[PDB]
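This report concerns only the one structure given below.
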Amino acid sequence: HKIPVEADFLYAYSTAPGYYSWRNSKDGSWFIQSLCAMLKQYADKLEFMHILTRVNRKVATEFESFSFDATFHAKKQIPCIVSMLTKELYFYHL
Amino acid sequence: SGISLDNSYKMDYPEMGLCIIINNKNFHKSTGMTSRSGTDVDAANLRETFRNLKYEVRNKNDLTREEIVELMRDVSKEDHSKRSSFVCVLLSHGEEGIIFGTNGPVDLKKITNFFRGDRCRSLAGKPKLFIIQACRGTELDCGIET
Amino acid sequence: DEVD
Ligand SMILES: [Cl-]
Ligand code: NA
Ligand code: NA
Ligand code: NA
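Same order as they appear, the protein sequences are chains B, U and R.
Residues in the first sequence are numbered from 1 upward in steps of one, following the numbering used here.
Residues in the second sequence are numbered from 1001 upward in steps of one, following the numbering used here.
Residues in the third sequence are numbered from 2001 upward in steps of one, following the numbering used here.
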């Protein structure tokens, strides 16, 4: 008869808890770049969690930082899906 | 009618819903936060992407912490009855649990609380998506060879 | 590449 007040939220974080997130000054951020690409390619095909899983893999595999500073060079990123959704989410219908 | 299942959100309301994009690029000098070059590329990509998903996109640029809270409050008090979902994209500096307005931080919890099922009834039972491009701390991932 |  009631639902939790915190139900039906989804937080699509660009990066893992505690980590920096990487943004390229020319191309945009790794996560948003990848998110738009996967939405473009799969929003008419895949449930949203499966889209965001493809985003995770794209960021994790295709990106690595390049820096003149050894501290910030050659670093990686994994985004972080936090789902308190109660149903599957398809952007298409019918 | 025949047997029915309800494993998926109803996304055939008359409207998909709002897509609020908060694009913070330039920060007040007194904060000591750097400009976020490339974020306009992000904001434009998101606008186009969610436009093609039939969201009502609203882009907002360089909002103070006060403007962020007031925008979210006002959006949460709209009538979302005819909308399937709600999307908010935050592009800014951040740390764990925090997003930065141009003049200081905003608790992510304060933003999302406006959309609680008991505080935004016309979005209750509907998916509320928060997409957050922002740091969550200062750790770096060194990776491992495959 | 820059961090946020
Ligand atoms: Cl930019
Ligand atoms: Na990113
Ligand atoms: Na950005
Ligand atoms: Na809800």
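We put the CB at the ideal spot given by N, CA and C, even for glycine.
- Segment contact: the region 56-74 of chain B against the region 1067-1078 of chain U, fewer than three CB-CB distances shorter than 8 Å; contact not assigned.
- With contacts defined by Cβ atoms closer than 8 Å, R:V2003 and B:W22 form a contacting pair.
- A residue is called buried when at least 16 other Cβ atoms come within 10 angstroms of its Cβ; U:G1094 meets this threshold and is buried.
- Under DSSP, U:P1105 forms a beta bridge with U:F1100.
- Per DSSP, B:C36 is one residue of the alpha helix (DSSP H) stretching across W30 to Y42.
- Listed by position in the chain, the residues whose beta carbon lies within less than 7 Å of some heavy atom of ligand 1 are U:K1025, U:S1037, U:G1038, U:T1039, U:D1040 and U:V1041.
- B:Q77 and U:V1089 have their C-alpha atoms spaced approximately 19 Å apart.
- Scanning chain R for C-beta atoms nearer than 8 Å to the C-beta of B:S65 yields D2001, reported in chain order.
- The DSSP assignment places complete alpha helix (DSSP H) segments of no fewer than 4 residues inside the region 1044-1126 of chain U at 1065-1076 and 1108-1113, in order along the chain.
- Taking a beta-carbon distance threshold of 8 Å, B:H50 does not count as an interface residue toward chain U.
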